[PDB]
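Chain letters run A, B, ... following the sequence lines, proteins first, then strands; residues in each count from 1. FYI, side chains are in, hydrogens and waters are out, and symmetry mates aren't considered; it's all heavy atoms of this structure.
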Amino acid sequence: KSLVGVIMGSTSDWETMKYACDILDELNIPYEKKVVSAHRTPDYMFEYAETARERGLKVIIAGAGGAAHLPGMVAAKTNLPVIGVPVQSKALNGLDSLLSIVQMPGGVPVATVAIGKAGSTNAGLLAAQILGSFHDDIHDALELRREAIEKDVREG
Amino acid sequence: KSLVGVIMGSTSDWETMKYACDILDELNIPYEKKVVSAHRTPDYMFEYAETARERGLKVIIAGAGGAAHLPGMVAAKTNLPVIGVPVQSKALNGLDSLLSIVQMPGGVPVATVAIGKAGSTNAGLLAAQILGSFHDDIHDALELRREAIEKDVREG
Amino acid sequence: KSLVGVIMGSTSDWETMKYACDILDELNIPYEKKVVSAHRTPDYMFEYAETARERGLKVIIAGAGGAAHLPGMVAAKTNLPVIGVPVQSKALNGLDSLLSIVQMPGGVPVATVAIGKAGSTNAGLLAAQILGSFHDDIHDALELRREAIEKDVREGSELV
Amino acid sequence: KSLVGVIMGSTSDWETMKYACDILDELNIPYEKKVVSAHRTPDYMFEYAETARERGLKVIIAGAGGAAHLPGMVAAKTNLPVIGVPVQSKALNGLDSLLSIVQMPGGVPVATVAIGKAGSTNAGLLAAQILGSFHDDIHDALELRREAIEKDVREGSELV
Amino acid sequence: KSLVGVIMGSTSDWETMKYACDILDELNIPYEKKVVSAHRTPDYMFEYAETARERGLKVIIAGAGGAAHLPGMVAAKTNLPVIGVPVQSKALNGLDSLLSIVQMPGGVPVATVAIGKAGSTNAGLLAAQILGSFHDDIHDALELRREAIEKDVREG
Amino acid sequence: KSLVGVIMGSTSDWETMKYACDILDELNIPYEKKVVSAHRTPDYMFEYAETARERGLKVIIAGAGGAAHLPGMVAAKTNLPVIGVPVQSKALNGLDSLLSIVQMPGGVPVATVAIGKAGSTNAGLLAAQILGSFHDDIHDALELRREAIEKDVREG
Amino acid sequence: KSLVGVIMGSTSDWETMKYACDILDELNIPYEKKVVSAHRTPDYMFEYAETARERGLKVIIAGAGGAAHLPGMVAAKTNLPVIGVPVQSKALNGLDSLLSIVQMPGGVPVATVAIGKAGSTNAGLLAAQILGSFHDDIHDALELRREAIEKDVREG
Amino acid sequence: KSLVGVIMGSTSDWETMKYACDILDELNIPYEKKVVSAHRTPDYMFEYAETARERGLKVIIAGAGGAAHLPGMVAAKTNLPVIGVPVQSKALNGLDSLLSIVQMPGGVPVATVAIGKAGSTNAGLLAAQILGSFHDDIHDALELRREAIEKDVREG
């Protein structure tokens, strides 16, 4: 059923990660959302990453802040595309989050998006675009959505 | 023929972008490589982004340094996934490149990877992972590639 | 009619960009203000840049935050002077805005000003100074304006 | 004679500032180049700024690194457009230069360009664009220049 | 009469600069406080720096934020020690203020202190320490002040 | 036999990590050194962390650069003290390394040391200090070592 | 009695440092808490560091902000492991704190933790992990604590 | 005899600190130069700071890099003005040095100068200016020196 997995390290990250989920709902893309902590539930994170392909997921969106290792460790355990959303940390305003996620070494990519809510929104859209590369209907919806916002901004 | 488009603003960026192209070659994914400058050939960039889908491309890999606008402006003109590789700039060592690419606003995602050559490498792998979500053979090749490196590092 | 064009990616940027427009009003420089988004209305942005000179514009003031590409992409499409105002972003406080605007490569300059409201004010003054290089009346107005502030600051110099 | 003044705090900055001057030469815009130090020749800097308009200058390009105060202090003393080129400093790689120049307060704008040589090139182009807002011949030259580079980049687009 | 001159570019900087003035009051060092703007009253700033020595001043404390040029331009026009207090700017939290002040080139030193109120406090103490190098009574007062705080913190 | 485990993601990190090992040799503390990559050998990393205590290790020193997750992921899988050495990365000079290691969330500490070789040296010393809290002979050796350097710097 | 010493430069730091103390209470590890200022009570700091081992302390947790020298100066005066908590400063949000603590030179390590409260929590846990290397009961408690959180996050 | 003390943590800092000493030689101001390490010779540093006034020093110039605590700890032990020169560190290019020195808390000022050699030059000049506040001959020399450089730059 689910094509996209949206995961995060803590329930306090839900404030940020729900934007991604809104986009998936808006585009009618089935997904699952779960708390998976790289540091508090490491084994559970490995099991989630390992089984993702077998369970039918095509893309994983992972949100994390501070020493954000969730996206990269999930990426090291699955060859599904993994999208990393840097959550805005308290002290360093997501600078720590961003560098921990985007600077992955050769071999283990993480598709990194902007810090915060704009990034979460974009993670959902990027997941959609990934599916849209083979699901013509999802691609056509992204074009129509983008054409409506364009008309709205230009004429508003 | 070509599934992935690898573009960059200058021939000097090739030193960085070739790593992505080596990965595509290694995984037998057909691709095209071109110089497309957001600032020196803006119209051409739009024409390249507009037609990408019609031409058969499924993913675009774009590299740029400094005020790196190439990935983002291409992403605004196509709903294909766009992967942005921040090139290491002279003065700010790709920090400017990184922020200009990854901080895209809600509506226009760019899958951002590490600054420099590690990122270029990962851009090629990420493009493969995207294709691998629907091309099992490409996915199987990524798994085998990762398993060989694993064995190599652990036994080495 | 309009000599300056003041543009921005979103209505939320108006809070910042109105400072530039207050300056143009204060100096009686005709201008137009529009929402032009590099990412949400890319084609419209190109059309706005391309036609600027034909429409009579002499300078463009463009405000944007985050991955701020509006000033740079407008500058790549017109040879009118383009002034970029980095809008204070939420997470990185305009640092992302600043670098995305000022670090333009050889061939496509963008006259970059301070982050936020101070930069917006100065964008309006910089546009006026540009016009003032050939309009003596505008230049004289800038001198007078600056002389009044100087007197105002110096005669209110005692902290009491 | 001279329409643009290109100044810098030290001879060592010439390595960076000559890029602006190559552009002015290429476009046949008369200019003058001088060493004017905000910290080592402060009085001379004020004299140079004060008199710029009387001497016929229309734009000033000022390069400085570190605690780069030359562009800002020149801008506080003339209402001609002042373009600031952040010179790449040794320790902070121009980050100090950049912030010292771009973050000018309301009232005293400085048109800030990229750190280093790319910024220097663009300072020359920006000065030309400023003049080009009223000199159609200079504007036409900028359009032609930009059209030739475009063709040059696009026809050498195949990586081989 | 006045031994120290405390100046700043705007009345809004007073919130920060008063701490330095409280210290001078506390140590009975005569001082003057004025608004002197490097960018809005440049000529006046030069005149204030030029005449400082003739007028009897021994130290200048200058506060400024953003592109903070006041301390540095004053320092270039007088050979009195000049203490620069970086005011906390809105966007960059005084980072711009700090670099613009402290990075002065060889030939024109500015004694730079902490960003904000702690620095303002220290500017007053530093000015006293300078005077205390030749005024034993001022030095003795600094020692007693520091000894009282020490006792207060350790026993508190 | 081995009380300390010194690990790193790549052989290229050896240049930095040998400083820690030199200290352990100097102090005659038995240790093991291995390449363990969080991203290239994730499973092996888990196995290494899990079994550390059973194998007799008391402290783990882990070095990594860029998106440095090795120390943190090892720390999430063992309750032995884990010391993180940020390796100096090419583009961001270890700033990415530092933030990815030090900013661990509540529950999973990583004792972080300086970027580069100085940090590596200190990692070995810190591991010794930890052992020295219960091994009086190791503590006495650290004091004597520190006293000799003190005499050397002051008299040199 | 006390095995751990928790110190800080000012009572205002207490808000951050109590997190470490809560952990030590939770784990029933006896400790002492004191205000010890590197800059306001330097002599006292030296005395506290010097005598730590004689007084029976095994680990010292030190919190400081801004130009945070407390952890490092304490570390230069004792060969007990010293854990540095960077307190979130007002202007630079602990970046100054972090760099002033973590960047210790070869010879004088400071085990550095995250900026703020998360770091304080981890400082207490790290101190326990150090004691746990030789106190099996403390180690078992850390494992049980970590297992309960794991079950709580995964099932919650 | 000596009016100024020039100290540093390591002989490798001499490359930077000699510029300050050149200025003092050029201006004929007697001074002493010594290696004093805040971390390797902490007690010796306290003794040097404590006795500075009694020995006749009027100003102390202290150079240090990384976690640069030498200037601040010396400042906490003497009420003589203390000038801090941030040495350019390897990884963070003196950013660490700068923040560790300039962000001193209220009560313990450090007169901070630019990172590197320009700062060292300026430390010597600032010390001179401090003495020049009461030694008319030293002040007159600073004016003449500055007038010669002005003529040289303007006419050169």
Side-chain angles (χ1 to χ4, degrees), chain B residues 2 4-22 24-25 31-49 51 55 61-70 74 87-100 115 120, chain D residues 12-13 15-17 19 23 26 63-66 68 84-103 111-126 128-129 142-160:
Chain B
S2 302
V4 181
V6 183
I7 61 178
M8 65 214 75
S10 171
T11 60
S12 65
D13 298 329
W14 176 247
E15 176 182 347
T16 299
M17 303 312 291
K18 66 179 188 293
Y19 289 94
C21 297
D22 292 343
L24 299 177
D25 284 314
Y31 68 95
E32 63 179 22
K33 55 188 174 192
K34 295 180 187 298
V35 172
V36 179
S37 179
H39 300 128
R40 297 187 297 162
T41 65
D43 289 325
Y44 177 53
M45 171 186 62
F46 269 34
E47 183 178 355
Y48 186 89
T51 63
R55 291 186 287 111
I61 296 173
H69 303 172
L70 180 58
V74 164
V87 174
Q88 187 179 336
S89 57
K90 188 184 191 301
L92 303 181
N93 294 323
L95 178 61
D96 48 0
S97 313
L98 174 56
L99 299 182
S100 306
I115 294 168
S120 182
Chain D
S12 67
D13 293 338
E15 176 183 357
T16 302
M17 302 311 290
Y19 288 90
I23 291 298
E26 182 182 348
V85 176
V87 175
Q88 191 177 329
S89 57
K90 187 183 191 301
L92 303 183
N93 294 323
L95 182 60
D96 47 4
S97 312
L98 173 58
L99 298 180
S100 309
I101 295 168
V102 74
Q103 294 288 83
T112 316
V113 292
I115 293 168
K117 298 170 183 183
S120 183
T121 300
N122 284 349
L125 288 167
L126 180 55
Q129 288 172 340
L142 289 165
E143 285 295 311
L144 284 168
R145 188 185 185 275
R146 175 172 289 183
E147 288 175 11
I149 294 167
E150 187 280 338
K151 179 185 172 66
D152 192 45
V153 174
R154 181 174 46 78
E155 298 185 357
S157 173
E158 294 294 304
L159 292 158
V160 267

>> Quick check: closest heavy atoms across B:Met17 and B:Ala62, and the distance to 0.1 Å?
In response: CE-C, 4.2 Å
> Checking side-chain contact (heavy atoms from CB on, under 4.5 Å) for the pair D:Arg145/D:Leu125: CA distance, chi angles, key distance, verdict?
Replying inline: CA-CA 11 Å; D:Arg145 188 185 185 275; D:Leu125 288 167; 4.1 Å; yes
>> Need one label for B:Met8: side chain, backbone, both or neither, based on atoms under 4.5 Å from any heavy atom in chain D.
In response: side chain
> With B:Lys34, which residues qualify under salt bridge (charged side-chain N to carboxylate O under 4.0 Å, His left out), at least two apart?
Replying inline: D:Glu158
> Which atom pair, heavy atoms only, marks the closest approach of B:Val36 to B:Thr41?
Replying inline: C-OG1, 4.0 Å
> Could you name the residues of residues 84-100 of chain D that have a heavy atom within less than 4.5 Å of a heavy atom in chain B?
Replying inline: D:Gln88, D:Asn93
> Quick one: what part of D:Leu159 sits under 4.5 Å from any heavy atom of chain B, side chain, backbone, both or neither?
Replying inline: both
>> Once side chain to side chain donor-acceptor pair (under 3.5 Å) is applied, what residue pairs with a partner in residues 116-125 of chain D remain, sequence neighbours excluded?
In response: D:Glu15-D:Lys117
> According to the salt bridge (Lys or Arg N to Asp or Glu O under 4.0 Å) rule, which pairs have a member within residues 38-49 of chain B, sequence neighbours left out?
Replying inline: B:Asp43-C:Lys77
>> Test side-chain contact (heavy atoms from CB on, under 4.5 Å) on B:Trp14 and B:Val35; report intermediate values, then the result.
In response: CA-CA 9 Å; B:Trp14 176 247; B:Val35 172; over 6 Å; no
